[PDB]
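Undergrad: Chains as they are written, first to last, in the deposited numbering: chain F, 1 to 49, 64 to 125, 152 to 165, 198 to 268, 279 to 304, 404 to 447, 459 to 469; chain D, 24 to 353; chain B, 5 to 323; chain G, 9 to 272, 297 to 330; chain E, 2 to 124, 131 to 354; chain C, 9 to 335. Here it is, the structure in full.
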Amino acid sequence: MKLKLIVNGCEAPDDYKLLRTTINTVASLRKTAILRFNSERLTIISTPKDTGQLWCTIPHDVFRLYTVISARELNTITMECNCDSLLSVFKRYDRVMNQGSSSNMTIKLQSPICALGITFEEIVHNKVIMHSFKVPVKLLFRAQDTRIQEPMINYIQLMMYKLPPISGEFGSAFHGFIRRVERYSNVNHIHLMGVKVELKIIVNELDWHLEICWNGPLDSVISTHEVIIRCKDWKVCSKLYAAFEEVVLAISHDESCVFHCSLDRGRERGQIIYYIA
Amino acid sequence: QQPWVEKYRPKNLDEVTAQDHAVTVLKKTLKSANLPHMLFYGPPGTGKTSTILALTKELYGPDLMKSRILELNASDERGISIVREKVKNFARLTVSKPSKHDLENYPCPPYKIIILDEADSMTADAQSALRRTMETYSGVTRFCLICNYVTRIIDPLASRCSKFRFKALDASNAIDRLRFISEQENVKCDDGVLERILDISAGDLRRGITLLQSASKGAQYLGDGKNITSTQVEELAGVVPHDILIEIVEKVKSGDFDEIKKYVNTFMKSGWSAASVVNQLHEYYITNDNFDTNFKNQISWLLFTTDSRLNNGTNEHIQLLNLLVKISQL
Amino acid sequence: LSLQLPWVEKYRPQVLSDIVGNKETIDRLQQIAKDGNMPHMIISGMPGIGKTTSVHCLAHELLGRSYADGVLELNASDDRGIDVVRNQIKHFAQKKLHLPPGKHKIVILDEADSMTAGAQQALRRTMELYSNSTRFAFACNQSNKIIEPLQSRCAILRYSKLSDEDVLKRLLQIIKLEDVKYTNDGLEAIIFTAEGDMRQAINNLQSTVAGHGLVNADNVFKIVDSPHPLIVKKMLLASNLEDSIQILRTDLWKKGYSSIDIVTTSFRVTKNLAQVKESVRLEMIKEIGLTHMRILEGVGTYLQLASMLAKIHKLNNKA
Amino acid sequence: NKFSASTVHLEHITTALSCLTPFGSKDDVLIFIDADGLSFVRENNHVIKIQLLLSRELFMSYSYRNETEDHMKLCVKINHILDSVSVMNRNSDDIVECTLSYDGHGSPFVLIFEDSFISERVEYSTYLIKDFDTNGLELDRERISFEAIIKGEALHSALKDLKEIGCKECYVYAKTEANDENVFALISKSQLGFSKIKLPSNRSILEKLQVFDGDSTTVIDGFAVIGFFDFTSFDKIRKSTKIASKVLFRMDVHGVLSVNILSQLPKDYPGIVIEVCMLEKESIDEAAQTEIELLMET
Amino acid sequence: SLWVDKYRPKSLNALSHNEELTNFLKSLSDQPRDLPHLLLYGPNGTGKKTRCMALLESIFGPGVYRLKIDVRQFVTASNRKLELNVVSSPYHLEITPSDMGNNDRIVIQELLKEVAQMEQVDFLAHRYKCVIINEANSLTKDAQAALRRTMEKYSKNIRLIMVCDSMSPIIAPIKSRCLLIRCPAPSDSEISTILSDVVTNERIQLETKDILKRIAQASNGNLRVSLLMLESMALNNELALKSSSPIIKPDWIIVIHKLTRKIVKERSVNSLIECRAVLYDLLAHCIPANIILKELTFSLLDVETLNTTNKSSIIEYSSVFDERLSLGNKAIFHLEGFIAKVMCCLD
Amino acid sequence: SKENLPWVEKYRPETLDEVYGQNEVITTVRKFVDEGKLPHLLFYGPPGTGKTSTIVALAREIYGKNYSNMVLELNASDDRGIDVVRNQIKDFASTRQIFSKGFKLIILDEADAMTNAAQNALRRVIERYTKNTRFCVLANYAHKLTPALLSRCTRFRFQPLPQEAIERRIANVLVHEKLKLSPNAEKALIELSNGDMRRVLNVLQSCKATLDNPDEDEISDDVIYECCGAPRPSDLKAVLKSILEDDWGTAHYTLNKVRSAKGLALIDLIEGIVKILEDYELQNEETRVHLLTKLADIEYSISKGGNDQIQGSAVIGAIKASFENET
Ligand SMILES: Nc1ncnc2c1ncn2[C@@H]1O[C@H](COP(=O)(O)OP(=O)(O)OP(O)(O)=S)[C@@H](O)[C@H]1O
Ligand SMILES: Nc1ncnc2c1ncn2[C@@H]1O[C@H](COP(=O)(O)OP(=O)(O)OP(O)(O)=S)[C@@H](O)[C@H]1O
Ligand SMILES: Nc1ncnc2c1ncn2[C@@H]1O[C@H](COP(=O)(O)OP(=O)(O)OP(O)(O)=S)[C@@H](O)[C@H]1O
Ligand SMILES: Nc1ncnc2c1ncn2[C@@H]1O[C@H](COP(=O)(O)OP(=O)(O)O)[C@@H](O)[C@H]1O
Ligand SMILES: [Mg+2]
Ligand SMILES: [Mg+2]
Ligand SMILES: [Mg+2]
């Protein structure tokens, strides 16, 4: 049950910013989150159990230290933690490194309800200020842990589209495409479309009908594909794409939608999957 | 494929049978454009929803159907606020322009239709907000109210709507549709059948088609290739056999309370619905010639009271025992 | 068109001497207007007997030329919430307008029965603290709709239904100022159809003189009908069923009265019916309610009213 | 289609549309489309009416292929256009291009926005025209009691102060003196009591104040023009005065007030002519005007 | 474990009560494509739910008995944040909306309108999902009005098999769109045979097999009641059914019998107040008032000291007050009225 | 475009001279208009009597082309709450008249659907602004109106439409549609009308649709009875003769044959037999009581469903057991 990890944001900016990308998303989705500390990999889960589910994979090489032992299989212990407190602590460290510092995070599992001893250091300008925090968490049981499994997605003859990276010429154009529907206050359903490559945001209602289009180039690695989604999930998709260069969009015909995000750390790659029903 | 009730649902106004006083007017409406506000009322399973959904098709066409039709049933919210905003805004909406194909094929009337199915389940406050909506925008939109109990529609709303009563589908005017459906499904029936199915199902073609489907699904399960007889139809309909109802009658004739109570306790264990045994007793007592005028005059009111009490959702055992004990004291 | 006001507003009394009826109360109001010391009062009664024109005239006479900045009339058409009581009424009470000795500011809270509870509970403190300068004149139709602590500090003035002579005097004054031709039976019919309501007497007289000119029984009864409670009472107090069904049909069904209106009026008439045994009255109430339920459920037919009358006669003859 | 209009100055259209938001933001807006341009006529409770004027020179393109009819009237919900045109036209390298079109009756009003790589399209289904005459809420051209021209900033400050002090009711003064002195104040009845905001007589604020004898020709001095207006309707011009340089005020003897917002992008187009007609209250009270006069005396 | 849920048949061939009802369910399951909406009605404890499960097993194959329980949240107009457990499984869904209360409309308009608009297109046969509505007779006449069109329009992707007893308070439109399947209660011979199967399987030592017949006649055609009685008697007698084993009965039944004895013996106002106290005690235990009235009537009719006139008056008052309770709000008034009328008629 | 309208709305009286039936009300409001003083009006009557047409025609005559800016028509389709009463009606009444030199009109249709809170706030609005605005209240149920609002408004009763007015409107409709109506069919239409012109128009339109050639054929009584699905006047007396003169075996057969020849409904036969028996000279005073109290219960049970044959036999039993008293 002994859990201890060390994070250094300045040492590795990518894996650290993906950790910022995972925490902000689980804060924006809903309160509380599920953290399974597998001996080789971390996975941050927000299961509402219609509402979407996020499954972000975090490897073990991202942190300087990943000592994890438990009596369960593969040293797996699963936490339930209120996301507001850890988000506040994480923002505090963001301000700590913004003011100028290179200190690391010492996170230890100090004691079923437990807490994490997230302690770090900050220097103002050659002064020593110790920041100590304790976020109360609960220990998920193994029988409760196996009740949570990642949603499955198939494409017998469906269609995944390669979203252009945000660092390219068309990245800002596609970001504006995704955020264009977010400007309207009175929108609750968006109807995505798939033609094989064009994708359109259609919002048809009793007296008004949006039909936004993307006329730029698109890629689909290797038939109609339409789905009805909520606007908040589209906002989460916007936020996920804004922080990812490699974004994968797959659309199922009246079944589901999946927002796949991947960071090429090469090394195991960190991936974020947003299952949407 | 699909249940026979949905497979053989009328698609055009030429398959709605036995309602020749309300279909001819709607078909004359096809040529003109003066469709009035309609109030469809009648017994359940008479074809009102199968008539409006066919008239809408003939009037508009599949492509114009999604744009010129708004359907609101009891399965969605129809409160005073909903009537005041959604229905009013749809009525205020301008008539959509038909396409060239729609104009060249379908009549395309210059109005839209708001169908309010199961309007008897609407509160009298929400019904009062339609009174001026169906009159101010009567030239841009049309209204069709469908219900089974016309008394639950307020008089101001019933005044503005043309009333079309859908007749009960008995074995005389709905026999042709059942015989067409049976022949289309290769159902081999005896003589007398298809006239007993339409009699057990009193004024309801939906039940008369479901019972025929149920009788065929067993006939094709046995595999002997025999004709469906008039006893199986009652066996899957719930009609009490004429040997148990006879025991009921001959136990009523002997006015001993305890034996009647014991036989009713045994009878209720067989699962028979009281609404069917009361009906069969009504037929037996009214049609019999061994009972005088006073006995029938009292039995009519007794059976009427029992049926009215059973319609309110009461215990079948208590009401049936009370009815039979009262009959035994006549 | 024309600027000619309706006679209800054209002949609204502007002095306390022109308000007929309740002589013992109007005289006391005049005594208050002369002396000056006006206590907090609650004027209640039936509609149209002169409860508003009395308070307004009393305030006018009591304040003279200071009426514009000495009164604060808050009706139900204004937002008489708790915020208004806490701000506008408080600031009007805190005003230090100088008045002749004995005179006081008047807050005419007309239609105070529709005021909310928190507003009245704040009004409690408003009249508790600022009582030496401003006075509150509540005008209502039902005194029980004002909370008991507010009624404790006030003086209750119960206006009554106007008789057949005060209304006749006011009608004769109007007919003298409008040169209206009349006959005694027509004026008596107007009084009978008014039911102690001066407003509904003036309106009927104006309608009759506009439609026909001469005020006789025929010209009156051909434009304004006899009161339907008095026809429902005649229907419910008959002897035979064939004589009550006639008054039901030919006087309430072919005339245009809804069945629910007939039942609602029948309940009120039964509640006030006299010379009827209490068992008979409660049975009649039960039979009227059983038909009211059926009419409210949808079956508002003449057959149901006939059945209700038949059951009333059944309970009358033996039960 | 039968009508098409495109532009890039989305800020101007957004400012014009935001002047119709004070009148609810949850109802219907009626649009005129003729050769001169396109307008938004909005009325509330038949007591106040606001009318925009977007000239054809404002847009780069204005075709109006409707040869059959002189003008086209359509009725749509106002909130949706307010939300749509609020693109703020960011990323100045790629200017968001507007496209307004309307094919005719039965066709929806189209708002196509082009972001070079993005071409979104919004369709607004029109509603049936309510049987109301916009000519009712109009002022005389022969019965003007007074005509005043006031700069936008001072008037906007006056309305802001009136809103801040509550101002449940408002009054208007217009008196001209024979010694070229012109007085113009917005007297208000609020929680505070009796408050007066006197506009300065200098030509930088009061360019021209002329009081007539109900004939719009005579110049009578020493007379006063009194207009009792509900501040609920008078506050609707506050947002319109935030974009105006000069405001024209005209009232007649029949109790209607015409606030003419003069707003001063293409060179040919004059601007947004915003006209806010307003009805005067009946003012059954008679001593209130006497008190207004006495307050203006001292 | 409970012997009711440990010997429940899990197939159409393991259901031994009515050979005629199994041969009809097999005919229904032969061609599952055209399965109509079904309404199973019969006496309680017959096994209508078990036969529905067997039909679902014959249609969708095995795997209909692995039930996953999820709680769905529904919000009313007043934002009361109501609650309802939704027992579900592969290929079928089970709901008892009547438990939600008078707000069953808010669940039959959400669950039955969201699973009927899913089309169940998996990876191409859309098929249909069978929804079982337990206690279909407890709906408030507004859940059925919003259900008739729901199951009529979306019949392609959903099928409804409603389970109920005494289908009187079910409206005519619902019964018109549903195929009515009667489930008669087993005779004492079949119940005795089933109890014999249980006792040889459980290895309990019975003597005088007549005891199983006694349990069958005491259960009144209720397999659940008979099995619970058998288990209680075996456990209280240490797995040895002696010939004088006491046939245990529900406590509320004995209390209702004592109430009937008090009514027969004492007929006064104070006895009526004691009867009210007993009725309030029974009502505090969530026992339906209709069932209480039925038991009271059929226990007062079993008294051997009452003549035919008294029994006829009792049954007439029972019918009248049952109809009154069906159209009322507070049942204590109707129960007291029935008891007072019985007391007045007896003396 | 007026020919694509339903006959109910196509033949709406545009002027006050096209409103038939109500004469003492029209001839009073016309004198009110000509004199120049229009008091606060209340229009009461059964549905389809012509209240909403009379008030609109009166306002059109008063204002002419200024109808739009001087009439505030509010009905049950609008949220006529206390907030609306204080925020729209009050400022429509407060503002000065728009060029007409007279008064404004506020028409509150279906005022019986207004709440008591919104009706107790309109009283002082009516009283205060009487000089420059007037109020017309239209309702069919006067028990939902507050007594003070009923006292502030002059009451005009719209009687059910007489036979002569219905026949004179029928003549105009026949002239405009080039239709022909048999003398025996006009009486049937008037009898089924129950004083409602909307029923006249809605039945006549379906009668025209029923005719194969609407330019040569005539609308007989058979056409009307088939279109509206009502029992013939002979089928209502044959059933009663069988019930009151035959046995219990042939009366049932006659009833079920009458109800199956043309598919007639039980409730229509009940309401026809009631009207036929109301003219009877029953000399027991208990036969009438039994008939009413039993046929009303059967009518109430019919409205909630149930077995049709059981209720049909109950009608025969209730009519037979009642006349046993008379004999
Ligand atoms: N005249 C008819 N001709 C042919 N089929 C009919 C007719 N009347 C009813 N049906 C059949 O009855 C079934 C149900 O018809 P619907 O019109 O949907 O029911 P309904 O008349 O609306 O009764 P409700 O919904 O309880 S009010 C369908 O299978 C129809 O085909
Ligand atoms: N006693 C009276 N003397 C003279 N006119 C009267 C009298 N009572 C009522 N009126 C007339 O009634 C109209 C004014 O009614 P009000 O006095 O305002 O009614 P009210 O008695 O206050 O009833 P409510 O509460 O307002 S419904 C005018 O036409 C008056 O002339
Ligand atoms: N006296 C009449 N003369 C001619 N047509 C009439 C007459 N009365 C009613 N109608 C017709 O009936 C239609 C409906 O009547 P309306 O006046 O609009 O409603 P209403 O009579 O006021 O009934 P309510 O109370 O509003 S449901 C009118 O449009 C006319 O076509
Ligand atoms: N054919 C059968 N053989 C053995 N037991 C049965 C059979 N049918 C029903 N049962 C018993 O009935 C019990 C369930 O009854 P239930 O389905 O609740 O009846 P109902 O549906 O009438 O309420 C089960 O425990 C089962 O043991
Ligand atoms: Mg239907
Ligand atoms: Mg008053
Ligand atoms: Mg009307």
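Here a beta-carbon is modelled for each residue, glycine too, at the ideal position from N, C-alpha and C.
Measuring alpha carbon to alpha carbon, tell me which of F:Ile262, F:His203 and F:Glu436 ends up nearest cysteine 418 (chain F).
TA: For the purposes of this step, residue 418 (chain F) is identified with residue 237 of the first sequence, where counting begins at 1. When each option's Cα is compared against that of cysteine 418 (chain F), the closest is F:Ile262.
Undergrad: Okay, do the segment 36 to 56 of chain B and the segment 157 to 166 of chain B touch, 3+ Cβ pairs below 8 Å being the bar?
TA: Segments in contact, yes.
Undergrad: Got a sec: does ligand 5 put a non-hydrogen atom nearer than 6 Å to the Cβ of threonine 72 (chain D)?
TA: Numbered from its first residue, the second sequence carries residue 72 (chain D) at position 49. Checking the Cβ of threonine 72 (chain D) against ligand 5 gives yes.
Undergrad: If you measure from the beta carbon of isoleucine 228 (chain F) to each beta carbon in chain E, is any gap under 7 Å?
TA: Position 156 of the first sequence, counted from the first residue, corresponds to residue 228 (chain F). Chain E contact via Cβ: present.
Undergrad: With contact counted as at least three CB pairs below 8 Å, one residue from each stretch, are the segment 133 to 143 of chain D and the segment 160 to 178 of chain D in contact?
TA: Touching, yes, given that three or more Cβ pairs across the two stretches are closer than 8 Å.
Undergrad: Got a sec? Which residues, its chain only, sit under 7 Å from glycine 280 (chain C) by beta carbon, not counting five neighbours each side?
TA: The residue you call residue 280 (chain C) lines up with position 272 of the sixth sequence. The answer, listed in chain order, is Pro239 and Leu244.
Undergrad: Residue 1 (chain E) versus chain F: which residues are under 8 Å apart at the beta carbon?
TA: A question about residue 1 (chain E) goes unanswered here, because the residues of chain E that appear run from 2 up to 354.
Undergrad: With distances taken from CA atoms, which of D:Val348, D:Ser224, D:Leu234 and D:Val301 is nearest residue 354 (chain D)?
TA: Shown here, chain D extends from 24 to 353; a query on residue 354 (chain D) therefore has no answer.
Undergrad: Report, in whole angstroms, the separation of the C-beta atoms of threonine 57 (chain B) and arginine 32 (chain B), which I expect to be a contact under 8 Å.
TA: Within the third sequence, numbered from 1, the residue matching residue 57 (chain B) stands at position 53. Within the third sequence, numbered from 1, the residue matching residue 32 (chain B) stands at position 28. Rounded, the Cβ-Cβ distance is 16 Å, inconsistent with contact.
Undergrad: Specify the secondary structure class of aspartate 31 (chain B) as computed by DSSP and reduced to three states.
TA: Translated into positions along the third sequence, residue 31 (chain B) becomes position 27. Reduced to three states, the DSSP call for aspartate 31 (chain B) is helix.
Undergrad: Say whether chain C places a C-beta atom closer than 7 Å to the C-beta of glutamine 250 (chain B).
TA: Here residue 250 (chain B) refers to the residue found at position 246 when the third sequence is read from its first residue. No, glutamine 250 (chain B) does not count as interfacial toward chain C.
Undergrad: To the nearest angstrom, how far is the alpha carbon of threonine 22 (chain F) from that of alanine 77 (chain D)?
TA: Here residue 22 (chain F) corresponds to residue number 22 of the first sequence, with the count starting at 1. Here residue 77 (chain D) corresponds to residue number 54 of the second sequence, with the count starting at 1. Each residue's alpha carbon lies about 54 Å from the other.
Undergrad: If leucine 230 (chain E) and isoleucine 181 (chain E) are in contact, beta carbons under 8 Å, what's the gap, nearest whole angstrom?
TA: As a position in the fifth sequence, residue 230 (chain E) is number 223, starting the count at 1. As a position in the fifth sequence, residue 181 (chain E) is number 174, starting the count at 1. Their Cβ separation, rounded to whole angstroms, is 27 Å, which puts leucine 230 (chain E) and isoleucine 181 (chain E) out of contact at 8 Å.
Undergrad: For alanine 182 (chain G), list the residues DSSP reports as bridge partners.
TA: The count along the fourth sequence starts at 1 and reaches residue 182 (chain G) at position 174. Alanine 182 (chain G) pairs with G:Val233.
Undergrad: Would you say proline 191 (chain E) lies against chain D (beta-carbon separation less than 7 Å)?
TA: What you label residue 191 (chain E) is simply residue 184 of the fifth sequence in a count that begins at 1. By this cut-off, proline 191 (chain E) is an interface position.
Undergrad: Starting from the N-terminal side, write out each stretch of the alpha helix (DSSP H) that is 4 residues or longer and does not extend beyond the segment 32 to 62 of chain E.
TA: DSSP runs (the alpha helix (DSSP H)) wholly in the segment 32 to 62 of chain E: 49 to 61.
Undergrad: Suppose contacts are defined by Cβ-Cβ distances below 7 Å. Is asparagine 171 (chain D) in contact with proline 67 (chain D) by that definition?
TA: As a position in the second sequence, residue 171 (chain D) is number 148, starting the count at 1. As a position in the second sequence, residue 67 (chain D) is number 44, starting the count at 1. Against a cut-off of 7 Å, the Cβ pair of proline 67 (chain D) and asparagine 171 (chain D) comes out as a contact.
Undergrad: Determine the burial state of residue 331 (chain G): buried for a count of at least 16 other Cβ atoms within 10 Å of its Cβ, exposed for fewer.
TA: No answer is possible for residue 331 (chain G): the residues shown for chain G start at 9 and end at 330.
Undergrad: Across the segment 216 to 236 of chain D and the segment 100 to 117 of chain D, are there enough close Cβ pairs to call them in contact, namely three or more that are closer than 8 Å?
TA: With a cut-off of 8 Å, the segment 100 to 117 of chain D and the segment 216 to 236 of chain D do not count as touching, because too few Cβ pairs lie within range.
Undergrad: Let's test the definition: count the other Cβ atoms within 10 Å of the Cβ of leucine 242 (chain E) and tell me whether it reaches 16, buried, or not, exposed.
TA: What you label residue 242 (chain E) is simply residue 235 of the fifth sequence in a count that begins at 1. So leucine 242 (chain E) counts as exposed.
Undergrad: In the segment 192 to 279 of chain E, which residue ranges form an unbroken alpha helix (DSSP H) of at least 4 residues, counting only runs that do not cross its ends?
TA: Within the segment 192 to 279 of chain E, the complete alpha helix (DSSP H) runs of at least 4 residues are 195 to 209, 217 to 226, 230 to 243 and 258 to 272.
Undergrad: Measuring straight from C-alpha to C-alpha, what distance separates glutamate 94 (chain D) and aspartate 139 (chain G)?
TA: Counting from one through the second sequence, the residue named residue 94 (chain D) turns up at place 71. Counting from one through the fourth sequence, the residue named residue 139 (chain G) turns up at place 131. Distance between the alpha carbons of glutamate 94 (chain D) and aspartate 139 (chain G) is about 28 Å.
Undergrad: Is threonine 47 (chain D) near ligand 1, judged by its Cβ being under 6 Å from some heavy atom?
TA: Residue numbering aside, residue 47 (chain D) sits at position 24 when the second sequence is read from its first letter. Answer for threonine 47 (chain D): no, Cβ out of range of ligand 1.
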